[PDB]
Structure formats: structure tokens, C-alpha cells
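A single chain, nothing else alongside it, follows as C-alpha cells in the form deposited in one PDB entry.
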């Protein structure tokens, strides 16, 4: 086995650049490592999916071959959204699955999201794959591949459980990612008229990058919603595990406010249910869930970490500020932008009001857009560690489960290390602009007390 770069082995999954840190050979040995780990967990059966990236066909054949070369029975589901691969790993024989995807990143990026024997791998489990390859601790066998056309089953499973009470006209922006293979068609099937934007699968991403977390990537969606007098706008990220939302008047509903609507819905049928959200989400979500009799559970950012927390708590719903939304109620517990869009349309269609009014009813605070500070990969965790050791935050509820978050009577602030880029991520929100600035000042001073040279671009 060859020497693969350590940098592609990340906290949540494997992420690289094709031609640079990710080659065909690397996909092969990663397949070998995953196959070996699946077998060590008693699971010979592994589903494999890929997104609509240009490098998909080349790297996916190597991933599959690495798996068969362990003795694994592979189910090749072809080109699908990430959640359809997770679906396959819940409904086929095996509980293992690998998705070849570069998520929302530029064209040349790819990567692997990995489920082994029901468990989404993270942290030291991803490192353990890297280590198997270095040690040649790898299975050898004569496996097999069967092709499985799973998209029609996924389509029908969703369609048969969603009950829209009336028609809606929805603009759907796929960003030329892989969601175009099912989302527009499925949403129409639910009982909608659909106005497509960038729904042709095209790995060059010639229009805007499929990344609905950035307002600029929703500009075209907002304009089309308004131009066509549509009831809602929906945008999917490149691999379909994230969704973004805009109302009939063009207001962006950030995923933490989306989760309020979903949490009300899930808890209404499931008294006392755990509902998970990441440290990037509005504090208003804590009170809202508690008020409905749910148990709010704040947890680490990162899809794989949220998925693990789901298993540990029995949560019926989870969501991240990035728009990864995980339904366990009526579903399987994995993140799925398409399924989440279907659940949103079901709820909105049962309300006489328009989507703008449905969402504006919930309490709102003044929020910042994400703040990112570039540091280094080898210093970002130590900055956080120093804050956790040394910092003083004044009176507040301090949470260090991921970075440092402090919840004050009238607002909150967060600083944490990104696990996908060499950056500190900050968020602030408050009742008033005055409190927003008081909190920002606390955080600015605590960063400067650790390292007075740190940028404080806020």
C-alpha cells in the first residue's frame, strides 16, 4: 500500500482535491480500508453511491474494487444524492455504505462519507482507516458487485408518507448538483408545480456553486420566487444533504428557524422527545423546544457528530445551522435535504397563511452572518484549548462541548474551530444591537488575551 496524505482524513469524513491530495489509487486503498473495517464489524455488505462530479466515474470504480478486493458484497447504487446512499444502507441487506462526494465544494473536490455497520464514522474512526492502510492491516478476498436501482424505492417511500393538503408552487434550485435527479420530480409528485433552476446535473457548476448557506447563492432563487409569485423557494447543496429555504416574499429562513417549525411538528406527536441542534443555532430554539415539552439537546457541529448523538440520545429530530436536517420520526435518522423539503411542504400546505407569515410568527433576534478567521490547521485547536483554559466571559451559561459558547440573558456568542478548513468560526446574536456589541466586545477581548495578534474582523 502507498503513502496517502494525512490531511484528507478529517473529523467528519474524508475530503480531498482530485489530481492533488486524492487520486484513483487513493480511492482504491480507502475502499480497501473501509471494506476491512466493515468486515471486522461483521458486515460484508456495503452500498456505494457517487454524486455528479466530473471525477465520480473514475474514483467510484476504484472505491468499489477496493471493497470487492476485501471479500465484500457491494451494492452499487450509481449516481445518487448522499441521503439516497444512506437510505440504501438502511434498507438493503448491509448496514454499511460509502458515498463518494465533494459536497458543496468546487468542481475538483471529492471525498468519502462512510457508514460501517450502522455507525457513521468520525474522528479516530476515520484515522483508523488511514492507519489500516499504513499498517497493511487489510482484508483480502474475492468479493462481488450487484447493481441496485434504488432511486424509485426512495421516491415512493417519501411520496407515500407525505400528505400535502393543497397545491403549492415552488422554485427549486439544485445548483447543477445531483439533487436534480429526484428533487424537482419528487416535489412535483407530492402535489406541487415546480419551477426548476439549475436542475441539470453538471459537475462543472457553471452557474453558482451548490452551497445554499451563502446568501449570494440564493440570489437567483429569490428573484425567481418573486418573478413567478411562487409560494416557496428551495435550494439544495451539491450532494443533497443540505437544504436552504426562502419565503414567498424572498426572506431567507436559516436552518435554525426551520428547525423551530420542524420541532413543533415532531414534538406535537411525540411528547418529551429529544431534539438536537448544533452550537451554531439560535438560543430561541432552546426555549421553543422546551415550551412544546421537548428536551433540547445542544451538540457539536458536524453531520457525523450529530448522527452519533442521535443514536446516543434517541432524538427524533436534529438539525444544524448549515442546513443538515435529520428526521428520525417517520424516517431513518440521517440528514436529507430532499426529505426535509418534503416535510416542510407537508407542514406549509396545511397552513392557510403564506410561508412568510408562518415563519415570521416565531421570535427573532438580530444575528450576524458567519464570521471566519483564518489561522493555521496546526494552531486552531490550541487557540480553542487556550480559551477553554484561560478565558473569562462574565456572567453567563458557558458551554465548552465545541469551542466556547456563552449564553447571556439577552444574547449569545460562539467561537469554535472548523473541522473542514483552517479557520475559527464565530456567531453572535442578541435582542438588541447594543447587546450584540457588548457580546462581540467580550469575545474580541478574550481572543486578544490569548493572542493579541489574532484578527478580530468583527
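For clarity, a rigid core is taken as the largest C-alpha set superposing within 1.5 Å between two forms. Residue numbers count along the first chain shown, from 1.
Remark: stretch with higher mean C-alpha B factor among 108-116 and 364-372 is 364-372.
Comparing 207-215 with 299-307, the stretch with the higher mean C-alpha B-factor in the PDB entry is 207-215.
Across the options 344, 338, 164, 317, the residue with the most elevated CA B-factor in the record is 164. Going by the entry's values, 160 shows the largest Cα B-factor out of 329, 76, 160, 241. Residue 442 sits in the lowest third of its chain by CA B factor, as recorded in the PDB entry. Compared with the other modelled residues of the chain, the Cα B-factor recorded for residue 56 ranks in the highest third. Ranked within its chain, residue 377 lands in the highest third, by CA B factor from the PDB record.
Sort the modelled residues of the chain by CA B factor and residue 284 lands in the highest third. Split the chain's modelled residues into thirds by C-alpha temperature factor. Residue 41 is in the middle one.
What comes next is about the form deposited in another entry, which does not appear here.
Just one of the listed positions, 253, 195, 286, 384, moves its Cα by at least 2 Å between this form and the one not shown when the rigid core is held fixed, and it is 384. Remark: with the core as the superposition reference, the CA shift of residue 372 between this form and the one not shown reaches 2 Å or more. Superposition of the core reveals a Cα shift of less than 2 Å for residue 68 between this form and the one not shown. Once both forms are fitted on their core, the CA shift for residue 397 between this form and the one not shown remains under 2 Å.
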